[PDB]
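Just so it is clear, none of the values below were taken in a lab; they were calculated from the coordinates. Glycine gets a Cβ as well: all are built from the backbone with ideal geometry, and neighbour counts include every protein chain shown.
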Amino acid sequence: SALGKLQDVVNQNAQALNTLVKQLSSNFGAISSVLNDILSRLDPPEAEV
Amino acid sequence: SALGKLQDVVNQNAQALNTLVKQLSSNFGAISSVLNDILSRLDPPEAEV
Amino acid sequence: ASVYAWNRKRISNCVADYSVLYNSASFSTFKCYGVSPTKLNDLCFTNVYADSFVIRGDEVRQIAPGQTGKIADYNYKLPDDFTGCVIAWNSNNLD
Amino acid sequence: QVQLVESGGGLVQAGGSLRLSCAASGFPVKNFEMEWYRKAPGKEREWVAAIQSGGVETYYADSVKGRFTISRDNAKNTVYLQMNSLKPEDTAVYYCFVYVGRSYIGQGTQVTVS
């Protein structure tokens, strides 16, 4: 724990980057996380929401 | 008013938490800001939006 | 079979051409939900779960995600996350 | 909130005429399709007549085409049914039918032809 002032910066940078990448498994409220399975059999004035 | 440099910090934090409280009563485009009359008076797939 | 005992006939281990089913003009409505009918011939699926029933002619708009009705709320309910096509045609000449 | 009540029934002979009613409450009748069914004793419940929600087209059952008349009154919130050329095969309890969310059945009125 001597080098903690260097280590916590790299830890919070890597964990912020991992939290950014772990956002990529979310449809945010859609039916599925696949873009085409949201959009393309639904009518195009009603999948844009 | 000699102690303004401590009082403004407490006032800013209290106004931040009160502004966080006072935006719970915002519709953001809704009929009502409470979940229960949204769930009661509206059909649940079009209450989802 | 009618809507109290709606038939579930699953389809597996074959190649499903949907361009034949698209270009047939005998069907009245072709309401669809998942992923495009142009590329229905282009993708591959795990299961089909094909269904078969007869409704009233005014009960066509009950077959949607999250409707209300004695068919919808009491007899035959679709999920809100339903991915499929509704294929319907008139059967006054057969029933 | 929604309730159908039926009146206008009575005892008629073979070839008599009568006119029923189906007074409705809780919903307007310019938006829903309207039907009538009948229950003969010893027979199943069978559909009689229908007018759609727009009020444009009329339909009837196979044995009652050309003889029965269905009419609607949107002002009084009442649907009527007219009898002409009555036969004793139509001895039944007549229920009026509507689908307002879920279908509601009234208690009906006994109409006998003898």
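What residue, among those in segment C:19-34 that are among the hydrophobic types (A, V, I, L, M, F, W, C) and assigned to a strand (DSSP E or B), is nearest to the other protein chains (Cβ to nearest Cβ)?
C:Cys32
Filter segment D:20-51 for residues that are within 14 Å of chain C (Cβ to nearest Cβ) and in a strand (DSSP E or B); which is surrounded by the most Cβ atoms within 10 Å (Cβ to Cβ)?
Filtering first and then ranking leaves D:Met34.
So which strands (runs of 3 or more DSSP E) stay within segment D:67-114 end to end and still have 1 or more residues that are without any contact (Cβ under 8 Å) to a residue 40 or more places away in the chain?
Working: elements: D:69-73, D:78-82, D:92-100, D:102-105, D:109-113.
The qualifying strands (runs of 3 or more DSSP E) are D:69-73, D:102-105.
Do we find that D:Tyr94 is of a type in the set (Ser, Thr, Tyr) and surrounded by 18 or more Cβ atoms within 10 Å (Cβ to Cβ) in this structure? Steps first, please.
On the way: of a type in the set (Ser, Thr, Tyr): yes; surrounded by 18 or more Cβ atoms within 10 Å (Cβ to Cβ): yes.
It is true that D:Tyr94 is of a type in the set (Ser, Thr, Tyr) and surrounded by 18 or more Cβ atoms within 10 Å (Cβ to Cβ).
Since C:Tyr4 meets every condition but one in (1) surrounded by 15 or more Cβ atoms within 10 Å (Cβ to Cβ); (2) more than 14 Å from chain B (Cβ to nearest Cβ); (3) aromatic (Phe, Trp, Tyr), which condition does it not meet?
(1)
Which of the residues belonging to chain A are away from chain C (no Cβ under 14 Å) and basic (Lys, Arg)?
Of everything in chain A, those that are away from chain C (no Cβ under 14 Å) and basic (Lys, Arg) turn out to be A:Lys5, A:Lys22.
Give the residues of segment A:23-49 that are outside any loop (DSSP other than H, G, I, E, B) and either in contact with a strand residue (DSSP E or B) (Cβ under 7 Å, 6 or more places away or on another chain) or exposed (fewer than 10 other Cβ atoms within 10 Å of the Cβ) (or both), sorted by residue number.
Residues satisfying the conditions are A:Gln23, A:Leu24.
Scan segment D:69-102 residue by residue and report those that are away from chain C (no Cβ under 14 Å) and hydrophobic (A, V, I, L, M, F, W, C).
If the condition is that a residue be away from chain C (no Cβ under 14 Å) and hydrophobic (A, V, I, L, M, F, W, C), then D:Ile70, D:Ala75, D:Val79, D:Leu81, D:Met83, D:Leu86, D:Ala92, D:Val93, D:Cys96 are the ones that fit.
Could you look through segment C:51-95, keep only residues that are more than 14 Å from chain B (Cβ to nearest Cβ) and of a type in the set (D, E, K, R), and pick out the one that is nearest to the chain's Cα centre (by Cα)?
The extreme case among them is C:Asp51.
Against the definition (among the aliphatic types (A, V, I, L, M) and closer than 25 Å to D:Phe32 by Cα), how does C:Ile87 come out, yes or no?
yes
Evaluate segment C:42-49: report whether one residue or more is under 11 Å from the mean Cα position of the chain (by Cα) and either under 19 Å from C:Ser2 (Cα atoms) or within 13 Å of chain A (Cβ to nearest Cβ) (or both).
yes
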